[PDB]
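Participant:
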Amino acid sequence: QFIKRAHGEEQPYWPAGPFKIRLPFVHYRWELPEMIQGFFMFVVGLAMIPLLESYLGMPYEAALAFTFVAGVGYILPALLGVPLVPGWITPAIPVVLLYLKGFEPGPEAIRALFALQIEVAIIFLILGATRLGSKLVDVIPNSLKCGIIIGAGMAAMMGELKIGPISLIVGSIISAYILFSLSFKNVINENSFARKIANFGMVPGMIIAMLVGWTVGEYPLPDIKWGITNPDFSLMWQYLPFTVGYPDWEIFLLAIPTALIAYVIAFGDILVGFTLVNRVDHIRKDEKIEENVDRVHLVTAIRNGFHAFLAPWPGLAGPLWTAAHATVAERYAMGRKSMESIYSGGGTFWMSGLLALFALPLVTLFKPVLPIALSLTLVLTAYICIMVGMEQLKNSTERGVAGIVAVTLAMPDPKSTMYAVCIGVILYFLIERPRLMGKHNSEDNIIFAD
Amino acid sequence: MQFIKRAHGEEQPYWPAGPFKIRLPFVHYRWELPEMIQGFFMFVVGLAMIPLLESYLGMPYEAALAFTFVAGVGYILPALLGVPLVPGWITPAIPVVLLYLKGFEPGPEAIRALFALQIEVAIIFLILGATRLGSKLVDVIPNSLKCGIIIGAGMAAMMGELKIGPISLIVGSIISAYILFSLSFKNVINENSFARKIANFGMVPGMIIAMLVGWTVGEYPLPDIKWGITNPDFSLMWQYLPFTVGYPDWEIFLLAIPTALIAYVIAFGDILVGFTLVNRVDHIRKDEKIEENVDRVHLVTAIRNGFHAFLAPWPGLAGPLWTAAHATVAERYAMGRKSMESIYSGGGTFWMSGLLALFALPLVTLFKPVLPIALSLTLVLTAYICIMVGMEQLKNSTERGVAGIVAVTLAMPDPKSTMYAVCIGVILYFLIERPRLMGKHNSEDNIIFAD
Ligand SMILES: Nc1nc2[nH]cnc2c(=O)[nH]1
Ligand SMILES: Nc1nc2[nH]cnc2c(=O)[nH]1
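Each protein sequence line maps, in turn, to chains B and A.
When you line the first sequence up against the entry's author numbering, it's residues 2 to 165, 172 to 457, in that order.
When you line the second sequence up against the entry's author numbering, it's residues 1 to 165, 172 to 457, in that order.
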């Protein structure tokens, strides 16, 4: 580690306009636990391949090549100054698959996904450039923010249903148990057991699911191949807008309602991510973590535009991988003896994820169980969003509102979500603004609270 | 008119009848005009089971209509037998039961299946109720699990709106949830002439506006209004009962077990929600002493289910409460003696009026083309209240972290999975949690998900 950090100061970097550039070994140290974690947990990156095969009609190797593009994409946040361990807009997957499902899987569905993803890029770019992203984090009421987070969490679960199982159950419970039990103060100091688990993070739950999954017979054994992965970019190019067309203007319209809801859901992920960062920022007094919402929009905008052209992504580019981000945050809060900086954990993780792509025996090992990894990220997201959304509710008038908001955001048709927000406005103006149904004071609530 | 009136601070007049306390309308409690008007309209949710009967059980409309008369009599048993919980279906368990039924040929085969399932749920309610073990579970079961069940059940309910089969429903849902929310506050009716007039209609405004929008937009065909008195074709209905068709082999009862159990776990949540709301308004209303007998609720519910099994097998099953109706009565009840005399005068009047309403053929035929709005609405609204109450009932962050895991597994539609979770949860609990490996969990230690 060339440049070290002064206590209470910000992590070393090179100023780069709206971005703060950090490289591994130069600006932050290389974390062995996040290395091992990314060497194994990149399977979730590979877990998109089945969706690519179904909805985009792509052969396995073309799908495998796409994940190299996304792997590069996952390192941009810690590269450009974002403490949010990136991923997909995972609670938007069901909505996005719903959209794609109305196109023939193949070139037609690829043009469709291009139109959806470039818009999502544009929405992120404008809200980030005009700094209108930061405003919304401040302006939007807490009830709505919590309604969105919870709704987004419940969407993640109508999804586990729609994408397509003892594997997933043991996977979910062990994963969620570790996640939960390692969010407490001084856990590692209490037992030798929790000390050793904390260095593996999500690995135990994932690997144990696979194991149960193999022996039980839910998924076939792998056919391990030795050597270095050889991404077929010639093939991949056939499934890019460079080869297939670009969509007619009419397609962009069909995208709009899905584009928007996919953003609203991502906005949730930003709230969840910085909720966790803000917390561990206060625990760790030795680092000054910058929380720039506009930069998260910018990086994410870049990641999507990049994807749109080079690897159209059914899960889209999202601000965080909720469980990976929570897992790193937990290890970060454990102290400098454990993790030097939030970027040393965030950065190393996906860096190792990128290299891991080239470990052909791992790629080939994970190949028959990719479905376990896909449904698991969905389940784990749903868990953390529900948990965080709930806790962020302050009184009972917020909860009364968040309930209405969550329920509408978990009905999968996005035109319908907009029809709700629309009708919600009309009802608000004619009834609520005049306070015809009264003011709502949490201390007055006698039926649902107290 | 009301023969026996209640002394202030006492329990509502009744006739002792063993485990039950018998109350008739006009004799033990007054006849509430608002709940009369409400049940004259809101009995549509009772008729909204009809499509499920047609679809999953393969029966013609009229056989299904007659079934709703059997259910209608069933809905009056709680207030008749001393249960302050406005009754209904096990609504978050509908997807699960449909999933179960979905593996049988719609028709006699599926009716035999639904019998075995409903007799089982009945037996479970009977045994837990006779052995007073229903009361035990409500006390002993940790709060985290109780809330996990409630939140779980709430989310399962929306996987149901997706699975059962729409601007109508959005308007219906938002207005209905809006009213319910805003009429849960103290002195609301004293605030505005608007809320004063709204409170006397309860769920009706949301329902009727959903129906209307539903007609005018074209999502549902116009009704074919027929004048006169409903004439339930019980001759026809008999053909689709286990009396006419067979009774299922032992093998089927075994397939039913895992679904039966989960339908109970979900009903248990509905019991918690109902008595959460009752206990609150019981303290608001100091002039009435409301007895909260959990075991009596199991008995009446057990009776209702066994009743159904033979006379009208019910895809939604017989459940401890209709969540929005119970929330609605409780709200109007909390407004004071000027509005509602007793929790039984409103709850009792409501379904009494629903039963009479079945015989109003102009309303049946009016509601017929638009039943789908009604069925989806109760699903959405149950999800809404369960989520709201489950969340609020959580006290710390360790309870919440546990409730999260539980909610997520109980909202996966396969019921065998929910048990594999409880199983794997036990195995995991015994080997890791009890030896206290992975540390203690105290909410003030929580720095990631709390503080
Ligand atoms: N938002 C989000 N994106 C992901 N990409 C992979 N996993 C996840 C997740 O849990 N959440
Ligand atoms: N549990 C339950 N059962 C019902 N039956 C009709 N409506 C409902 C409801 O909201 N909840």
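We treat Cβ as the ideally placed atom computed from N, Cα and C, and that holds for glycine.
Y253 of chain B: buried (16+ other C-beta within 10 angstroms of its C-beta) or exposed?
Facilitator: exposed
Participant: Shorter than 9 Å from the beta carbon of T415 of chain B to some beta carbon of chain A?
Facilitator: True, the Cβ-Cβ gap to chain A drops below 9 Å.
Participant: Taking CB distances under 9 Å as the criterion, tell me whether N206 of chain A reaches chain B.
Facilitator: no
Participant: Suppose you measure from the CA of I123 of chain B to the CA of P319 of chain B; what does that come to, to the nearest Å?
Facilitator: 15 Å
Participant: CB of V219 of chain B to nearest heavy atom of ligand 2: below 8 Å?
Facilitator: no
Participant: Please report whether the beta-carbon of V386 of chain B lies at a distance below 9 Å from any beta-carbon of chain A.
Facilitator: yes
Participant: Quick check: the region 399-417 of chain B against the region 231-245 of chain B, are at least 3 beta-carbon pairs closer than 8 Å?
Facilitator: no
Participant: Need the endpoints of the beta strand (DSSP E) that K21 of chain A sits in, please.
Facilitator: 20-22
Participant: Using a Cβ-Cβ distance cut-off of 9 Å, determine whether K146 of chain A contacts chain B.
Facilitator: The beta carbon of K146 of chain A does not come within 9 Å of any beta carbon belonging to chain B, so the residue lies off that interface.
Participant: For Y29 of chain A, write down the residues that DSSP places opposite it in a beta bridge.
Facilitator: DSSP lists A:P25 as partners of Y29 of chain A.
Participant: Do residue 168 of chain B and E294 of chain B have their C-beta atoms within less than 9 Å of each other?
Facilitator: You won't find residue 168 of chain B in this model, because chain B goes from 165 right to 172.
Participant: Can the beta-carbon of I149 of chain A be found closer than 9 Å to that of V251 of chain A?
Facilitator: No, the pair does not count as a contact, with Cβ atoms beyond the cut-off.
Participant: Which residues bound the alpha helix (DSSP H) around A262 of chain B?
Facilitator: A262 of chain B -> alpha helix (DSSP H) spans 256-290.
Participant: Any idea if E35 of chain A is buried or exposed, counting beta-carbon neighbours within 10 angstroms, 16 or more meaning buried?
Facilitator: buried
Participant: Among B:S382, B:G58, B:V83, B:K21, which residue has its Cα nearest to the Cα of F281 of chain B?
Facilitator: Ranking B:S382, B:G58, B:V83, B:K21 by Cα distance to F281 of chain B puts B:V83 first.
Participant: Can you give me the C-alpha to C-alpha distance between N311 of chain B and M159 of chain A, rounded to a whole angstrom?
Facilitator: 30 Å
Participant: Along the chain, where does the alpha helix (DSSP H) that runs through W221 of chain A open and close?
Facilitator: Per DSSP, the unbroken alpha helix (DSSP H) holding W221 of chain A starts and ends at 210-223.
Participant: Would you mind reading off the limits of the beta strand (DSSP E) that contains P16 of chain B?
Facilitator: 15-17
Participant: DSSP three-state label for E337 of chain B, please.
Facilitator: In the structure shown, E337 of chain B falls within a helical segment according to DSSP collapsed to helix, strand and coil.
Participant: So is the beta-carbon of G152 of chain A under 8 Å away from any non-hydrogen atom of ligand 1?
Facilitator: no
Participant: In whole angstroms, what separates the C-alpha of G220 of chain B from that of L383 of chain B?
Facilitator: 13 Å
Participant: Which stretch, first to last residue, makes up the alpha helix (DSSP H) that contains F313 of chain B?
Facilitator: Looking at the DSSP string, the run of the alpha helix (DSSP H) that includes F313 of chain B is 300-317.
Participant: What span of residues does the alpha helix (DSSP H) with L362 of chain A cover, start to end?
Facilitator: 349-363
Participant: Chain A partners of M213 of chain B, CB-CB under 9 Å?
Facilitator: Under the 9 Å cutoff, chain A gives no residues; its nearest Cβ is about 16 Å from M213 of chain B.
Participant: What separation, rounded to the nearest whole angstrom, lies between the Cα atoms of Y100 of chain B and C429 of chain B?
Facilitator: 21 Å
Participant: Mind checking which residues open and close the alpha helix (DSSP H) that includes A153 of chain A?
Facilitator: 143-164
Participant: Given this structure, state the Cα-to-Cα distance separating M358 of chain A from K292 of chain A, to the nearest angstrom.
Facilitator: 26 Å
Participant: Measuring alpha carbon to alpha carbon, tell me which residue in B:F356, B:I438, B:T371, B:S174 is nearest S199 of chain A.
Facilitator: B:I438
Participant: With DSSP run on the structure shown, which of helix, strand or coil describes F191 of chain B?
Facilitator: strand
Participant: Quick check on the burial criterion: 16 or more other C-beta atoms within 10 angstroms. Buried or exposed for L33 of chain A?
Facilitator: exposed
Participant: Within 8 Å: the Cβ of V414 of chain B and any heavy atom of ligand 2?
Facilitator: no
Participant: Is any heavy atom in ligand 2 found nearer than 8 Å to the beta carbon of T329 of chain A?
Facilitator: yes
Participant: What is the rounded straight-line gap between the Cα of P326 of chain B and the Cα of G74 of chain B?
Facilitator: 11 Å
Participant: What does a CB cutoff of less than 6 Å around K146 of chain B pick up in its chain, not counting 5 residues either side in sequence?
Facilitator: Sequence-distant partners of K146 of chain B (beyond 5 residues in either direction) whose C-beta falls short of 6 Å from its own C-beta, in its chain, are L278.
Participant: With a threshold of 7 Å on Cβ separation, who are the neighbours of residue 166 of chain B within its own chain once the five nearest residues in sequence on each side are excluded?
Facilitator: As shown, the structure holds no coordinates for residue 166 of chain B; chain B passes over it, running from 165 to 172.
Participant: Under 8 Å from any heavy atom of ligand 1, does the C-beta of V45 of chain B make it?
Facilitator: yes
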